[PDB]
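As a plain string of letters, each chain reads:
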Amino acid sequence: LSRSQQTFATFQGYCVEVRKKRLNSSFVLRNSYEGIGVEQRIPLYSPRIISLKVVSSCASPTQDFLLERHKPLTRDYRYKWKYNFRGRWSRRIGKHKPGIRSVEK
Amino acid sequence: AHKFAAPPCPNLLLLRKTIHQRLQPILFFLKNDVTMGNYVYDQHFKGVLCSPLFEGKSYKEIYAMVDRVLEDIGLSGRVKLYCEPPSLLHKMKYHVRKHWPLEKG
Amino acid sequence: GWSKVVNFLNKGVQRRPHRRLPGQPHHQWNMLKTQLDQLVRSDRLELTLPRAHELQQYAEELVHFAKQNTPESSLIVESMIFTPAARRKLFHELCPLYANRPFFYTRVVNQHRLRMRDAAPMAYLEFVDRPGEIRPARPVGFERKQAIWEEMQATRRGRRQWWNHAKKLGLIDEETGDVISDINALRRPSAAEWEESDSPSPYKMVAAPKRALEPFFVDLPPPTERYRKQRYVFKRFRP
Amino acid sequence: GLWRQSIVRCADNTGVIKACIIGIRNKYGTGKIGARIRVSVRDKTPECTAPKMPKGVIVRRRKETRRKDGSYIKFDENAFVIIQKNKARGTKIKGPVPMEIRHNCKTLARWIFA
RNA sequence: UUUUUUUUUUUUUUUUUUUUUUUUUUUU
RNA sequence: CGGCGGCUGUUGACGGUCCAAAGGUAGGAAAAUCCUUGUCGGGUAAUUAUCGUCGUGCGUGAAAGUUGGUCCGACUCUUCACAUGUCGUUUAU
RNA sequence: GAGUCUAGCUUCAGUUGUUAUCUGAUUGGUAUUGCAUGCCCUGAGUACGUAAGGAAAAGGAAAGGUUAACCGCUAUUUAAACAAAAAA
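## Examining the packing of helix α2 (residues 25-41) of chain C against helix α5 (residues 84-97) of chain C
Residue and element names in this part refer to chain C. In the contact formed by α2 and α5, the axes pass within 9 Å of each other and the chain directions differ by 50°. Relative to α5, the element α2 lies oblique. As α2 packs across α5, the resulting crossing turns out to be left-handed. Touching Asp37, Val40 and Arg41 of α2 are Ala85, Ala86, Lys89 and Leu94, all from α5. Here the contact of α2 with α5 is built from residues that sort into four nonpolar, no polar and three charged.

Listed below in structure tokens is the structure:
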């Protein structure tokens, strides 16, 4: 906390997010104290970090799946269904109300 | 959030006391459900839940514990709760951004 | 207009990577998808220059993902074709073809002419290394090495220019510091070829350049001549 | 951040539950931690002794707060503490307290690092 | 990867920053 | 079938006098009417806006339709609740 | 005749306000401040004053607010998902 005052600090929490970068990488920790939830993000590369330890891990393929950059299955994403809407002032084309359309029909 | 006071709400207090005593969540929210009825109060509840106990379990088992806990107080079919594991908190992206009233009780 | 506004407005404006098309995105993608299949089925298409420069982006990706021969890649290829005929051709005539071609299977040719009815530019989108191509294509693989060796052996200037490059390819004999004499020694089997498995009949087929010929005559026009239809029908005016 | 017409809770054990902000030294609704503000009491307990218009300072903020060291601190609620004669009215503070508080009232908190 | 304030930085210079114009050519 | 009032004396049941066919009844009452801040109470950090009430400040007025229990509401207004770029203050496709 | 970099002029407000005599071989002879809201600290509990009470010269810093610039960090939105092997 304070180098001059020799005041240290010890935080504990569960990992929620790990932003993977080169130098600006950080980790987000969340916990609760007396029913009040607190959240703090700490950079990986920092000179202030006295120590870092893990109390309980969750080694499993689910964590590895989250810890990996996945690729699209198909090129269907280019469809952009969210853009398929109808104008308020536009001519009537079927029985679709103003707004996003449907794909069932 | 809540300008003025609100009518007596014992069920909300009971739910808050029971959840914080049994499930020990880290991100627990609650509010009254107005979609069920505007002229009705202290009947229907809606909120978000998250606790470490839901790690390494399927959705069926995750919701079974919530239903069992609600059965002990008699509010099983009156609370619409959305729960996700702490690791998958990103799934609740579009569930925190929403306004959360502040009931007095 | 004034022809000055174009210039005045364009100042400090970034270029668009993907050219805009008439219609919603869902429509645009459909359009491009169908045109890719039509391009695969023809071998050359005549299109406007802007559009010819746009379709070539997916024309390359289709063949790039078709050569992987993986379940994953197969999915992506499936996700870019409509008709079975285009799938068949892509998987039976184009994949074997570009066995040795790292990339760049298509090109765009400008016609330097304007449409009569529209006054718009025109261009051709033709595949590379196909029958009746506009211009010949360069060799790849062992063909390239043979070409290079030929060039080297031709004249001194070629030798000098290719000296450095030849070393990598192995066309220079390190034991004597001279160009390799026998070039056939660098022959290797390609993927396109058929691996070894290991008559007095009157109905024997006759060898011929694209496909063999039967020993019998069948009264039938070519595939492109046995199905006629009016291109356009006049619409009488109603005064 | 915080803005006028905003409801915030009280971290002290005086008895007040929540209060409405009346004023703040800001224009763009970016209220920070440790900023003096005026509160109007809306609800009270049957054994409360707080005034009608207590004066306090922002302790906790929902919105994330940036640190000098490149870190960030976030909370789940917005609470304040009453101040009188340059001292707190109550005797204990509920929950943790951030480091970004120039005032010495943070010593009454239980976990300054949390 | 792009844009933006909801983020960050400055609040100094004025003979400074900058600029479309070499002028002994008094009848192009 | 138009409508229905003066002086003066003790807050004033009561006494004098002029006039007339009769000389506002009861109810409502700060009002589809006087006045664009009447006294007090409920809401808000502020209420002259609005409800309740008093019945003086001016005044309306009974099959001219007055008052109104219950029920009822595309009729004014007070006030509560959810979401919300209405907003300080504006962004991206 | 031609290419580059430039002199002069021009530029928000505005002005004409600067150097007698001259250390004898003795550590040497003006120097980038025009300008200015509020609160706090050192000076200072000092000057002042029975008492209550309570200044300036200078510097240092935390909010709020305006202009301009930018994408290293955070927040919102959003796009992309393709060629290392000359055995390919």
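Additional details are given in the paragraphs that follow.
## What about the arrangement of the chains?
Between chains A and D lies the most contact-rich interface of the four pairs of chains that touch. Left apart from each other, chain B and chain C have a closest C-alpha approach of 26 Å.

## What to know about the packing of aromatic side chains
Geometrically, a pair of aromatic rings is defined through the distance of the ring centres and the angle of the planes. Evaluation of the coordinates by the stated rule reveals eight aromatic pairs over all chains. With 5.0 Å between their ring centres and 5° between their planes, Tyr79(A) and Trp81(A) make a pair best called stacked. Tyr79(A) sits in the buried class, given a relative accessible area of 10%. Put simply, the rings of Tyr98(C), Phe103(C), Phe104(C) and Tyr105(C) pair up and form one aromatic cluster. Lying across the ring of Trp111(D), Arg110(D) places its NZ or CZ 5.8 Å from the centre.

## Details of the packing of α2(C) against helix α3 (residues 49-66) of chain C
Residues and elements named next belong to chain C. It is the contact of α2 with α3, at a shortest axis distance of 10 Å, that shows an interaxial angle of 70°. Relative to α3, the element α2 is oriented roughly perpendicular. Contact residues: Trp29, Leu32, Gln35, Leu36, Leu39 and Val40 in α2; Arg51, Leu55, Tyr58, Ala59 and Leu62 in α3.

## Let's talk about the sheet that holds strand β5 (residues 65-66) of chain D
Within the open sheet, the five strands sit side by side as β1(A)-β2(A)-β3(A)-β6(D)-β5(D). Their pairing is antiparallel. Taken across any chain shown, the strands that pair with only one partner, and hence form the sheet edges, are β1 (14-19) of chain A together with β5 of chain D. Here β1(A) runs beside strand β2 (residues 26-33) of chain A; their pairing, made up of five bridges, is antiparallel. From the neighbouring strand, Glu17(A) faces β2(A), where its bridge partner is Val28(A).

## Thoughts on the interface of chain D and chain A
Contacts between the two partners involve 18 residues from chain D and, on the opposite side, 16 residues from chain A. Summing both partners gives a buried area of about 1600 Å² for chain D against chain A, and 59% of it is carried by carbon and sulfur. Interface area lost by chain D to chain A is led by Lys74(D), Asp76(D) and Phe113(D), which between them contribute 31%. Summed over the shared surface of chain D and chain A, the number is three salt bridges. Linking chain D with chain A are four residue pairs in polar contact, by the criterion used here. Residue contributions to the side of chain D that touches chain A peak at three residues, all from strand β6 (residues 72-74) of chain D. Residues belonging to the side of chain D that touches chain A are distributed by class as follows: eight nonpolar, three polar and seven charged. In this structure, strand β3 (residues 36-43) of chain A lies alongside β6(D), joined through three bridges in antiparallel fashion. Bridge assignment links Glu39(A) to a residue of β6(D), and that residue is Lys74(D).

## Brief notes about the interface of chain C and chain A
Contacts between the two partners involve 12 residues from chain C and, on the opposite side, 11 residues from chain A. Per-residue buried area on chain C facing chain A is highest for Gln24(C), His26(C) and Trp29(C); these three make up 42% of the total on that side. Across the chain C-chain A interface, the total number found is two salt bridges. Its salt-bridge partner being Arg78(A), residue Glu61(C) comes within 3.5 Å of it at the nearest N-O pair. At the surface where chain C touches chain A, the tally comes to three residue pairs in polar contact. Where the side of chain C that touches chain A is concerned, the elements lending two or more residues are α2, α3 and α4 (71-78) of chain C. For the side of chain C that touches chain A, the element with the most residues is α2(C), which contributes five residues.

## Focus: the protein's contact with RNA strand G
Lining the immediate environment of RNA strand G, one finds 36 residues, of which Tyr77(A), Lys80(A), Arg97(B), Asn26(D) and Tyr28(D) sit closest. A breakdown of the atoms of RNA strand G within 4 Å of the protein gives sugar and phosphate a share of 71%. Within the side chain of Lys145(C), an N or O atom sits 3.4 Å from a sugar or linking oxygen of RNA strand G. Contacts to RNA strand G include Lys27(D), whose backbone N or O atom sits 3.1 Å from a phosphate oxygen. Ranked by residue count, the leading element in the surface near RNA strand G is α3(C), at four residues. Considered class by class, the residues forming the surface near RNA strand G number 10 nonpolar, six polar and 20 charged.

## A few points about the nonpolar core
Grouped together as the largest cluster of nonpolar side chains are 28 residues, with contacts concentrated most on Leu36(C), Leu39(C), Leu55(C) and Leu62(C). Sorting the residues of this core by element identifies α2, β1 (44-47), α3, α4, α5 and β3 (121-127) of chain C as the ones contributing at least two each. For this core, the element with the most residues is α3(C), which contributes seven residues. Sequence-distant contacts of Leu39(C), defined by excluding residues within four places in its chain, comprise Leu45(C), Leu55(C), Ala59(C), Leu125(C) and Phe127(C). Judged by nonpolar contacts, the second largest core, of 18 residues, contains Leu12(B), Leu15(B), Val69(B) and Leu70(B).

## A closer look at α3(C)
Residues and elements named next belong to chain C. Taking 1.5 Å of rise per residue, the 18 residues of α3 would be expected to cover 26 Å, and the 26 Å separating its terminal C-alpha atoms lies within 8% of that figure. Of all the positions in α3, only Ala52, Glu54, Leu55, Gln56, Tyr58, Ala59, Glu60, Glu61, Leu62, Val63, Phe65 and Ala66 are classed as buried. The inward-facing, buried residues of α3 abut α2, β1, α4, α5, β2 (106-114) and β3.

## Considering the environment of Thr155(C)
Within the secondary structure, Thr155(C) sits in the loop between α6 (142-154) and α7 (156-169). Separated by 55 residues in sequence, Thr155(C) and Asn100(C) place their C-alpha atoms 28 Å apart.

Thresholds, definitions, all that
Residues numbered from 1 in each chain as written, not as in the entry; some residues may be left out. Chains lettered and ligands numbered in written order. Part of a larger assembly, values for the part shown. Heavy atoms only, no water. Residues with missing side-chain atoms left out of burial classes, pairs and counts. Axes fitted to C-alpha atoms, helices over the stretch in contact; angles between N-to-C directions. Helix = DSSP H or I, 4+ residues; strand = E, 2+ residues; numbered from the N terminus. Parallel < 35°, antiparallel > 145°, perpendicular 65-115°, else oblique. Left-handed = near helix turned anticlockwise from the far one by under 90°. Contact = heavy atoms within 4.5 Å. Nonpolar A, V, L, I, M, F, W, Y, C, P; charged D, E, K, R; others polar. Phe/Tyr/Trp six-rings, centres within 6.5 Å; stacked < 30°, edge-to-face > 60°. Buried < 20%, exposed > 50% of the residue type's maximum accessible area, 1.4 Å probe, protein only. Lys NZ or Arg CZ within 6 Å of the ring centre and 35° of its normal. Pairing = 2+ DSSP bridges. Buried area = accessible area lost by both parts, 1.4 Å probe. Salt bridge = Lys/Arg side-chain N within 4 Å of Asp/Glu carboxyl O. Polar contact = N/O pair within 3.5 Å; in protein donor to acceptor, adjacent residues only side chain to side chain. Near = heavy atom within 4 Å. Core = buried A, V, L, I, M, F, W, Y, C linked by side-chain atoms within 4.5 Å. Expected span 1.5 Å × (residues − 1).

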